[PDB]
């Protein structure tokens, strides 16, 4: 009865927002002449691309169900109910066309910035339960339709809003600035260390045409505050000094999709489980903590640590076995904590890794090889599936300018929601 799950293929759209030449604003050659994609268009592009790149064009009816991850569509796009949006995504814009997805099951799932990861878990339950053999998991978000401050208030839906919205209009930046204060007070790592994380993300993004910040070049020195425009922007005076612009992930639009199959699903598609286009999901785990209460030790992401430890234990591997990882760098501060949650650094030693370059493209454990949430960008619902697909892409040699020289055999993802209140971690094995 031991039922395995395979990534058959997937798709990542360019991630776009302010600072990307692909984002249309008063300044783009096409301003007034063309528009940025709507949520519906990103979803359509993501579903279509996922089917295309997974060998399902012309046989989309063998997909059993679709799970959508999305956090804030109801706010930014006035649109919930993305299940039936997904069902209409294959033929979006062609009135009355034949539609092989009609009447299949579909839903949206949500857990803040972990929504993409949750969509993958839900898809996997289906594949393991008798009810599906092939599933589509897609994550989409549009956040460019509101100002930075309105956006902050929207993202604050991930916080304990009643308790924490008062911190700052930029509620999440402030919650992480609050960690960094405590982190500095305990000498856990420094603001130079977090600058070094950004330097790496932006260098990696410069090699990735899909990255929101692909065209932006930043030195360590700029990331460390030697740039007048790298402002300490928070309003809350208690935490203001601990966060720079470059410490923050992007407000982005984008989508990512993956096709997941069990062994019967592979058979229906004419594939063997040893097919070299495949990657096996050896394990996936989810851990969720208490929205209403925060641990004292701001130097440890306990929930993320639990999810990663569960996933690694289920896959029967240790962190030192990992060859590549994607982690939830919603801030530079978060990336450092993620190294310790994943277990690739001991508590208090993420700083060793970032000072030695161990997580750069040339290091022994490259992390966020295409730019992370910092430079690739952070369309919240897409992020969890983008993580999975970036491990997949490295494993199949598809990353071009940021391709790892040594093709990774084992990889991990670690996707987080809110201030370490939801976490989803997967262990992937190259086939």
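Positions refer to the first chain, counted from 1.
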| query | finding |
| --- | --- |
| Comparing 371-379 with 24-32, the one whose average Cα B-factor in the PDB entry is higher | 24-32 |
| Per the entry, higher mean C-alpha B factor between 347-355 and 115-123 | 347-355 |
| Deposited CA B-factor, highest of 149, 305, 157, 108 | 149 |
| Highest recorded Cα temperature factor - choice among 143, 249, 222, 283 | 222 |
| Residue 8 - which third its CA temperature factor falls in, relative to the rest of the chain | middle |
| Among modelled residues of the same chain, the CA temperature factor third for residue 69 | lowest |
| Ranked against its chain, the third holding the CA B-factor of residue 430 | middle |
| Among modelled residues of the same chain, the CA temperature factor third for residue 327 | lowest |
| Ranked C-alpha temperature factor of residue 404 among modelled chain residues, by third | highest |
